[PDB]
Amino acid sequence: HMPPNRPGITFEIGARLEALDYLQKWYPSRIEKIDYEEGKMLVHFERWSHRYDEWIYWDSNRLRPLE
């Protein structure tokens, strides 16, 4: 129910992070929505169509802080 502690990532709508994309490249993204019951969030890749927004569990190693 509470997001994990991942320094450099703020678990709030609109916060930014990097997500490992379909080309295995780290890509700048932002949090659209959070699912606190299932422990996941909806991630939007910067400039992409929202068709590609992806639900990713909040402890995923496919997320990292945006340096």
# chains A, B, ... in the order shown; residues from 1 in each chain; ligands from 1
$ select_by_dssp --residues "chain A" --states "strand (DSSP E)" --output "number ranges by chain"
A: 16-20, 26-35, 40-45, 54-57, 63-64
$ write_last_selection --atoms "C-alpha atoms" --output "compact mmCIF listing (two decimals), in the first residue's frame"
# COMPACT_ATOMS: atom_id res chain seq x y z
CA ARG A 16 9.54 12.16 -13.50
CA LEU A 17 11.74 9.08 -13.75
CA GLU A 18 13.36 6.89 -16.38
CA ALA A 19 11.82 3.67 -17.65
CA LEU A 20 13.57 0.97 -19.66
CA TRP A 26 16.35 4.29 -20.59
CA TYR A 27 13.70 6.82 -21.54
CA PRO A 28 12.40 9.91 -19.70
CA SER A 29 8.91 9.31 -18.38
CA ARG A 30 6.34 10.65 -15.95
CA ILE A 31 3.87 9.09 -13.54
CA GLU A 32 0.27 9.39 -14.75
CA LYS A 33 -1.61 7.44 -12.07
CA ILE A 34 -0.86 5.16 -9.13
CA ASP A 35 -2.53 1.92 -8.05
CA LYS A 40 1.97 -0.30 -9.57
CA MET A 41 1.80 2.89 -11.55
CA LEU A 42 0.99 4.10 -15.04
CA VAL A 43 4.09 5.50 -16.77
CA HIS A 44 3.99 7.88 -19.75
CA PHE A 45 6.99 8.13 -22.06
CA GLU A 54 2.43 1.27 -19.38
CA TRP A 55 1.52 -0.14 -15.98
CA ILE A 56 4.72 -1.04 -14.12
CA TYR A 57 5.04 -2.36 -10.57
CA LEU A 63 12.44 2.04 -13.44
CA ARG A 64 15.25 4.26 -12.18
$ atom_distance --atom1 "CA of residue 21 (chain A)" --atom2 "CA of residue 62 (chain A)"
8.1 Å
$ atom_distance --atom1 "CA of residue 6 (chain A)" --atom2 "CA of residue 58 (chain A)"
9.2 Å
$ atom_distance --atom1 "CA of residue 60 (chain A)" --atom2 "CA of residue 47 (chain A)"
22.2 Å
$ decode --residues "region 43-58 of chain A" --atoms "C-alpha atoms" --output "CSV table (one decimal), in the first residue's frame"
chain,number,residue,atom,x,y,z
A,43,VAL,CA,4.1,5.5,-16.8
A,44,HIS,CA,4.0,7.9,-19.8
A,45,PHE,CA,7.0,8.1,-22.1
A,46,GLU,CA,7.9,11.7,-22.9
A,47,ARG,CA,6.4,12.8,-26.2
A,48,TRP,CA,5.0,9.4,-27.0
A,49,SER,CA,1.4,8.6,-27.9
A,50,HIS,CA,-0.6,7.7,-24.7
A,51,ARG,CA,-1.3,4.4,-26.4
A,52,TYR,CA,2.1,3.4,-25.1
A,53,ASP,CA,1.5,4.3,-21.5
A,54,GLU,CA,2.4,1.3,-19.4
A,55,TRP,CA,1.5,-0.1,-16.0
A,56,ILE,CA,4.7,-1.0,-14.1
A,57,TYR,CA,5.0,-2.4,-10.6
A,58,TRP,CA,6.6,0.2,-8.4
